[PDB]
Amino acid sequence: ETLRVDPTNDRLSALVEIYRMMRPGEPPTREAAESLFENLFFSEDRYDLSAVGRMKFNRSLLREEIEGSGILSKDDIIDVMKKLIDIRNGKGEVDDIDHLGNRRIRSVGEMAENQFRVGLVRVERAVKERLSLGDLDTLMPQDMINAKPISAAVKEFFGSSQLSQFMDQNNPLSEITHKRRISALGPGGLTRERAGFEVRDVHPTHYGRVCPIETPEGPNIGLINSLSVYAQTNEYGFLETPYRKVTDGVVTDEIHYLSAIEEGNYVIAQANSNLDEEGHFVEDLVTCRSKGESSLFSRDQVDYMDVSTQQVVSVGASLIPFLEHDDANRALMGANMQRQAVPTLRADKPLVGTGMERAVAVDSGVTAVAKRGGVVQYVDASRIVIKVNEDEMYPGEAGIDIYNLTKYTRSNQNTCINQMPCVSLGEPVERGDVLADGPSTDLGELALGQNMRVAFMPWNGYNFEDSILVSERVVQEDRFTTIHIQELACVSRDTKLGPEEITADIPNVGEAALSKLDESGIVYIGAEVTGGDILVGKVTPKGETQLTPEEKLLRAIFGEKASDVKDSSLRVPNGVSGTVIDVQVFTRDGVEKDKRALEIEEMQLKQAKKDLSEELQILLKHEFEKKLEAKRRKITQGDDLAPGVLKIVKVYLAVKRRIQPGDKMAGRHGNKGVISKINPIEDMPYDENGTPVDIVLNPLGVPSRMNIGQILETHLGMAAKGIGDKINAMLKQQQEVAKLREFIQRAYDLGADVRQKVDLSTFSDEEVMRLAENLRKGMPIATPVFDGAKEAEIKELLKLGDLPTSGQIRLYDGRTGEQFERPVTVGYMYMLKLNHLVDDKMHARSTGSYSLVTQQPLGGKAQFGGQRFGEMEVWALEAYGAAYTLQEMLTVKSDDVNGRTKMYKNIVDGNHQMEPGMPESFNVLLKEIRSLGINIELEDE
Amino acid sequence: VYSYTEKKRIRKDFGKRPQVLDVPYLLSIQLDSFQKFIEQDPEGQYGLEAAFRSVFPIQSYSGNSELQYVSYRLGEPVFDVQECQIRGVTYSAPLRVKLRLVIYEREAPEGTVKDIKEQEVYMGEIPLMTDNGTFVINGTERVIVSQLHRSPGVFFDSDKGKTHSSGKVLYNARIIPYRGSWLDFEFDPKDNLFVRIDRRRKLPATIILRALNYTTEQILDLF
Amino acid sequence: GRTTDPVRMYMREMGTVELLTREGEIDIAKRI
């Protein structure tokens, strides 16, 4: 029937028909049509199924050759048509587009290679065109090729592309979870606007390859998936996950990485399956999943078993203790939130973790890890020096390692990156040991927040919907305080009226305002500035001011002169108040350096010599001196700045944000919350011992959203702290080594058969005391994701300490001293400070700058702009009778140019009346419709 | 066995399933990909070598003057990572490619060449990956996120009866390359097979068959 | 078929005239 409807009769007619389809209007011709068809699919230059493409093509056609060619053939096309026909009638299955055996993974190397090849083709075009006229001795292979296209392509990819983004750096976990992030968007993928639900949905093939919960909720949900903990990538780019091979009945320890399409062909046992100490399943019927579904299978039926119970989740999802007790929505929220925790002043530790904190802390290069074992030779806040053990020493070298710690620097999110040593002098360290603690890390453990004594009770509406009541002791201990380094640049350019200057002479500012600036006009280092103070003093030349009358007169009266320079000094933003910790000066090559630039340069040169000289002293002389001349030349070489800009001064401010109502806190279980009140320590609930609770959380938050993990986390949290408290006592009275060893050993055993064994007998008395001192703040506990601590074990640990196993104590009102009825749940919960500080979100405006084409206020808080009173707000005003409110909102407060100045004046003299007028945007619309050939006018003028 | 930094403070461990495979390096996905891109292998499989081999050799149309690629190397970065962050620059390595311009003597189909000009030339600066999977591009640390995209090959994706009344299933095949145009086959409700190229106007499928130098008789012989 | 591309229409209209024959340009200059 296709032939019946087919209009063509010969090959040339078909070629011209497809030519008319491809290039309508262009008359079809023999040679052109032939070339077009031969270039579509059968020319290697303009068509390529990659090796993976050929492999998938040959697999889908049931061929037995995994390799082949990159261009299509007659056989390939005809076989595709034949299989389509077979699917139409025979037994054919629609391919699942969302199958992870059908979706490939592209990484940075591949995409960069593709864009480099794009640059190469667009340089070869020029190379060929130039070669069109071959020469003998006038051209070289340096003039036929231009680097600009290749550089432009590479820079366009790496700088301005959807798949290359600013690195989320407010956390170790945020960095690590950004680096292993999968996105279906970008050039070659879908679009968030028209992706479609089916692609967003979780697939049974995501199991162990793509996390089911770690994904952003919003416009692009299910399109920004994150890689699972154990997931890998094929040579071809398909995600594969590990499994332990099962013989007849023995679970072997050999690991096979199975891809999605291979996963169906076997039945895979669960990680929550038992083994009788020899590899055999205890139960004769085990739960498996064969093809999408799961069922029970005989012991002698399974080919594979899950490598671990953690392998379904991502790294962030696998840091949530008691995840299995949390609703999937709330777990999604919890992972997303803990990606946003701000590093506080002192990283505490998770008192209740999952055991994945060490992996995240070390794998992300936020700490300093020993490259080679040895004995610590010198420790300082800024560096560590290791004397390598001779076993790891290479013959031709000095066995010394110098780790230079990153001191207070700025992250992409304006947080504080700072590395502190975590070792003492003369201590033995082995390869892979943590030597310094980066931001939000405690002895190599990821420490995103603080473990706080929380009580679950209402307390007077101060935690009403999700609000949080916080004690003043929490603020006093500065345990949710953060450092927020920020850059501020003053750039002096070359203007037409004259070059800009960074002098310290600034008109219309008194002696005191310029006290913080040195002679060269730049603030001092360490100076505590306030919102409004000058940082860099700058002045721009100006002329032909065109003074008005009754101002010429005033200047004449006071014998004053109008300055020929206007003030353009860099001032501290209003509200911000920190200390100046760093100043950088970038001077153009030709310009002459100022006093402060020269002073900075000498400090950098001496520092450079000091670092190089110390390196040689600690540890070669030829490389030392050669590097000193290179380092010296780099320090004074002069900076390649933008065109016109004469000199750049960057000032780094260091703020300290403590805590306040409006700051968003969160636990790891999706329990959000904004601090509402900060309470005096004598107003907080307290227990029989007079110890107040740090935070009070509403218990009505828990039941509606089934995140029970937090409650569990609280109980275990209490239990953990309990152990520490006991240890604390045994350390305040110098009891003995034996008693501490016995109690700590008893605390590590705890009943149920746990895979972890700790024998304190091999711990020397000195080591046991160090362990006890590290455990006096609480006993850290690991509760793996789906293999956590059972409730009975929590009760047993609560019993080891003298805490009740119900998890609830009787609390008293600090206000009245009366016992709260109905004992309340108190414990320790890991609270995080999220990067949603009310410092950065409060914003107000009376009048300010206005938009250019439409005479309306501007955007939010960076241009000091106003709030959008959108269309739905207008509807709300209309539904009320508020017609004067609405009119003033859309005429005098926004758009009427003459109206808003009159309103400002009228308010100034206490006459709260307006002359509304016509908004300027309607005038713009009238001129725009008239700018088409449409005559629109106002009647009855 | 307890490492020194873990002997200081041991985390009590619940959980009963023994560990058989430890967590891999968490940043392998980025580091391995960029290593394969930047490192040069003695094969055209991966990276800049693959790109050069795939397109860099060039022949002057009707002139038979050739420009061929020998090897490449990455020059030392001018600045370190920290200096790039401070000044504001892309942590990049220069790309120096060895090229050879071979000139063929006129009327030499055998391959006799006049001369060869072998010179090393500069082809842009490629941004480098720091030790932790990041790129500093203009002094700011950037991350390139891996993309999950439809794999090349043939896919059969009949609609679910959402097109025509009675919910008839119209089957289709689609060839997706890495580079090139798309080639779709589809069915209409009247049970006819139609070819479509780069998602343009529909055509009867047999047209493509005729375009491949097939007659009606052998077409029916095939199908 | 049909197209809206102005460049395609220009190509259509201009390509109709045969390019030239040597000694034809000389005769055209002669006519000028």
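About the criteria used
- Residues numbered from 1 in each chain as written, not as in the entry; some residues may be left out.
- Chains lettered and ligands numbered in written order.
- Part of a larger assembly, values for the part shown.
- Heavy atoms only, no water.
- Residues with missing side-chain atoms left out of burial classes, pairs and counts.
- Helix = DSSP H or I, 4+ residues; strand = E, 2+ residues; numbered from the N terminus.
- Rg over C-alpha atoms; globule rule 2.2 N^0.38 Å.
- Buried < 20%, exposed > 50% of the residue type's maximum accessible area, 1.4 Å probe, protein only.
- Contact = heavy atoms within 4.5 Å.
- Areas by Shrake-Rupley, 256 points an atom, 1.4 Å probe, with all protein chains shown as cover.
- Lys, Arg positive; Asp, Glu negative; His and termini not counted.
- Charge placed at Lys NZ, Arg CZ, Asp CG, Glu CD.
- Patch = residues over 30% accessible without salt bridge, like charges linked within 9 Å, V, L, I, M, F, W, Y side chains within 5 Å.
- Salt bridge = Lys/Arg side-chain N within 4 Å of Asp/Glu carboxyl O.
- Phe/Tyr/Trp six-rings, centres within 6.5 Å; stacked < 30°, edge-to-face > 60°.
- 1 Å grid on protein atoms, 1.4 Å probe; cavity = no way out; pocket = protein on both sides within 12 Å on 5 of 7 lines; lining within 4 Å.
- Points joined across faces, edges and corners; volume = space filled by probe spheres on them.
- Buried area = accessible area lost by both parts, 1.4 Å probe.
- Polar contact = N/O pair within 3.5 Å; in protein donor to acceptor, adjacent residues only side chain to side chain.
- Core = buried A, V, L, I, M, F, W, Y, C linked by side-chain atoms within 4.5 Å.
- Pairing = 2+ DSSP bridges.
- Expected span 1.5 Å × (residues − 1).
- Arc of directions from axis to C-beta.

In the PDB archive, cryo-EM is given as the structure determination method for this entry, at a resolution of 3.1 Å.

Trainee: Looking at this model, I keep getting lost on the overall build of chain A. Mind explaining?
Mentor: Along the backbone of chain A there are 25 helices and 40 strands. Along the first, second and third principal axes, the C-alpha set of chain A runs to 95 × 95 × 85 Å.

Trainee: Looking at this structure, I do not really get the overall build of chain B. What am I missing?
Mentor: Looking only at helices and strands, chain B has six helices and 13 strands in total. In terms of overall size, chain B is more extended than a compact globule, its C-alpha atoms giving a radius of gyration of 28 Å where 223 residues would be expected to give roughly 17 Å. Principal axes of the C-alpha set define a box for chain B whose edges measure 80 × 75 × 35 Å. Counting every position in chain B, which comprises 223 residues, the buried fraction comes to 53%. Considering only contacts in chain B between residues 6 or more positions apart, those separated by 24 or more positions represent 39%. Roughly 10,300 Å² of accessible area belongs to chain B as shown, and the carbon and sulfur atoms make up 46% of that amount. Separation between the mean location of the 31 positive side-chain charges and that of the 30 negative ones in chain B comes to 9 Å.

Trainee: Would you mind showing me how to read a negative patch on the surface here?
Mentor: Taken together, the side chains of A:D276, A:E277, A:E278 and A:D753 make up a negatively charged region of the molecular surface. Structurally, A:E277 is set in the loop between β7 (268-269) and β8 (285-289).

Trainee: Any chance you could explain unusual backbone geometry here in plain terms?
Mentor: Leaving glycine aside, a negative phi is the common case for residues, and trans is the common case for peptide bonds. Residue and element names in this part refer to chain A. Even without being a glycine, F322 presents a positive backbone phi close to 60°. Here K861, not a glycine, exhibits a phi torsion of approximately 75°, which is positive. Topologically, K861 is positioned in the loop between β40 (824-833) and α22 (871-879). The class for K861 is partly exposed, based on a relative accessible area of 39%.

Trainee: What am I meant to see in the environment of A:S467 here?
Mentor: Residue and element names in this part refer to chain A. Turning to its location among the elements, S467 is positioned in the loop between β23 (450-456) and β24 (468-471). Residue classification places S467 among the partly exposed positions, given a relative accessible area of 24%. Non-local contacts of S467, meaning those with residues more than four positions away in its chain, are made with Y462, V674 and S676.

Trainee: Just checking my understanding: could you explain the packing of aromatic side chains for this structure?
Mentor: The way to describe two aromatic rings as a pair is by their centre distance and the angle between their planes. This structure, assessed with the given rule, holds 15 aromatic pairs over all chains. Taking 4.8 Å as the distance between ring centres and 45° as the angle between the ring planes, the aromatic pair formed by A:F158 and B:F135 counts as tilted. Note that A:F158 is positioned in helix α7 (residues 147-159) and B:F135 in strand β6 (residues 135-136), a pairing that runs across two chains. Side by side, A:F158 and B:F135 carry an identical accessibility label, which is buried. With a centroid separation of 4.6 Å and 25° between ring planes, the pair formed by B:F52 and B:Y69 is classed as stacked. Placement of the pair is B:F52 in helix α3 (residues 47-55) and B:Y69 in strand β3 (residues 65-74), with a sequence separation of 17 residues. For the residue pair B:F52 and B:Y69, the accessibility class agrees, reading buried in each case. Through a chain of ring-to-ring contacts, three or more aromatic side chains come together here, namely A:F116, B:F52, B:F56, B:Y69 and B:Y72.

Trainee: When you look at the arrangement of the chains in this model, what are you seeing that I'm missing?
Mentor: Among the two pairs of chains in contact, the pair with the most contacts is chains A and B. Of all C-alpha pairs spanning chain B and chain C, none lies closer than 12 Å, and the two are not in contact.

Trainee: How do you make sense of the pattern of salt bridges when you look at a structure like this?
Mentor: Side chains that differ in sign of charge can pair as their charged atoms come close. Tallied over the entire structure, the rule returns 63 salt bridges over all chains. Shared partners join several salt bridges into a network, and the residues in it are A:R54, A:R63, A:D76, A:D79 and A:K82.

Trainee: Any chance you could explain empty space enclosed by the protein here in plain terms?
Mentor: One way to see where empty space is left: roll a probe the size of a water molecule over the atoms. Residue and element names in this part refer to chain A. One number sums up the size of the largest cavity: a volume of about 70 Å³. Taken together, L319, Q338, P350, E357, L446, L448, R668, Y830 and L832 form the lining of the largest cavity. Lining the second largest cavity are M718, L798, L803, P804, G807, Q808, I809 and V826.

Trainee: Honestly, the interface of chain A and chain B in this entry has me stumped. Any pointers?
Mentor: One frequently used descriptor of interface size is the decrease in accessible area upon assembly of the parts. If you look at the interface, chain A gives 186 residues, while chain B gives 128 residues. When chain A packs against chain B, close to 14,700 Å² is buried across both sides, 63% of that on carbon and sulfur atoms. Here chain A is connected to chain B by 13 salt bridges. Note that B:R179 and A:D48 form a salt bridge whose closest N and O atoms lie 3.7 Å from each other. Where chain A meets chain B, there are 64 residue pairs in polar contact.

Trainee: Explanation requested: the nonpolar core in the structure shown.
Mentor: Across soluble globular proteins, nonpolar side chains show a tendency to be buried alongside one another. Judged by nonpolar contacts, the single largest core of 49 residues is most densely connected at A:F116, A:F158, B:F52, B:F56 and B:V97. It is helix α6 (residues 108-131) of chain A that provides the largest number of residues to this core, a total of eight residues. Grouped together as the second largest cluster of nonpolar side chains are 47 residues, A:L712, A:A720, A:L740 and A:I794 included.

Trainee: Help me out: how do you make sense of the interface of chain C and chain A in this one?
Mentor: Between chain C and chain A, the contact holds five residues from the first and six residues from the second. Taking both sides of the interface into account, the surface hidden between chain C and chain A amounts to around 450 Å²; carbon and sulfur atoms contribute 51%. The interface formed by chain C and chain A includes one salt bridge. Where C:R8 meets A:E26, a salt bridge forms, and the shortest distance between an N and an O atom there is 3.5 Å. Linking chain C with chain A are three residue pairs in polar contact.

Trainee: Help me understand the sheet that holds β6(B) in this model?
Mentor: Sheets are built from strands that pair by backbone hydrogen bonding, the pairs being arranged parallel or antiparallel. As summarised here, the arrangement of the three strands in space is β2(A)-β7(B)-β6(B), forming an open sheet in which the pairing is antiparallel. At either margin of the open sheet sits one strand with a lone partner, and together these are β2 (164-166) of chain A together with β6 of chain B. In the sheet, β2(A) pairs with strand β7 (residues 141-144) of chain B via three bridges, with the strands oriented antiparallel. Residue pairing in the sheet places A:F166 in a bridge with B:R142 of β7(B).

Trainee: Can you walk me through the side chain of B:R174 in this structure?
Mentor: All names here are of chain B. Counting through the fold element by element, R174 comes out in strand β10 (residues 172-176). Judged by relative accessible area, which is 19%, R174 ranks as buried. Only 2.8 Å separates the side chain of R174 from the side chain of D184, close enough to count as a polar contact. Residues in contact with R174, not counting those within four places in the same chain, are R150, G153, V154, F155, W182, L183, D184 and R199.

Trainee: I tried to follow the side chain of A:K721 on my own but got confused; where do I start?
Mentor: Residues and elements named next belong to chain A. With respect to the element layout, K721 can be found in helix α18 (residues 709-732). This buried residue, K721, is left without a salt bridge; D725 holds the nearest opposite charge, at 5.5 Å. At a separation of 3.3 Å, a polar atom in the side chain of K721 contacts the main-chain carbonyl oxygen of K777. When residues no more than four places from it in sequence are discounted, the contact partners of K721 are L351, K777, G778 and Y828.

Trainee: In this structure, what is going on with a nonpolar patch on the surface? I would like to understand it.
Mentor: Together, A:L553, A:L554, A:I557 and A:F558 line one region of the surface with nonpolar side chains, adding up to about 450 Å² of accessible area. Mapped onto the elements of the fold, A:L554 is located in helix α14 (residues 552-557).

Trainee: Even after reading the chapter, I still don't get helix α24 (residues 897-908) of chain A, so can you show me in this structure?
Mentor: Given 3.6 residues per helical turn, the α-helix brings residues three or four places apart onto the same face. Residue and element names in this part refer to chain A. Its 12 residues give α24 an end-to-end C-alpha distance of 17 Å, which sits within 8% of 16 Å, the value for a rise of 1.5 Å per residue. If you check which residues of α24 are buried, you get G899, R900, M903 and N906. The buried residues of α24 occupy one face: seen down the axis, they fall within an arc of 125°. Turned more than 90 degrees off the buried face of α24, the exposed positions are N898, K905 and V908. You can read the cap of α24 off the contacts: a side-chain oxygen lies 3.0 Å from the backbone nitrogen of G899, and it is on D896. A positive backbone phi angle near 65° is found at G910, which sits one or two residues after α24.

Trainee: Where do I start with the sheet that holds strand β18 (residues 420-421) of chain A in this structure?
Mentor: All names here are of chain A. With antiparallel pairing, the three strands of this open sheet are ordered in space as β12-β20-β18. If you trace the sheet from one side to the other, it starts and ends with β12 (368-369) and β18, each paired once. Examined bridge by bridge, β12 and strand β20 (residues 434-437) share two bridges and lie antiparallel to one another. Bridging across to β20, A368 finds its partner in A436.

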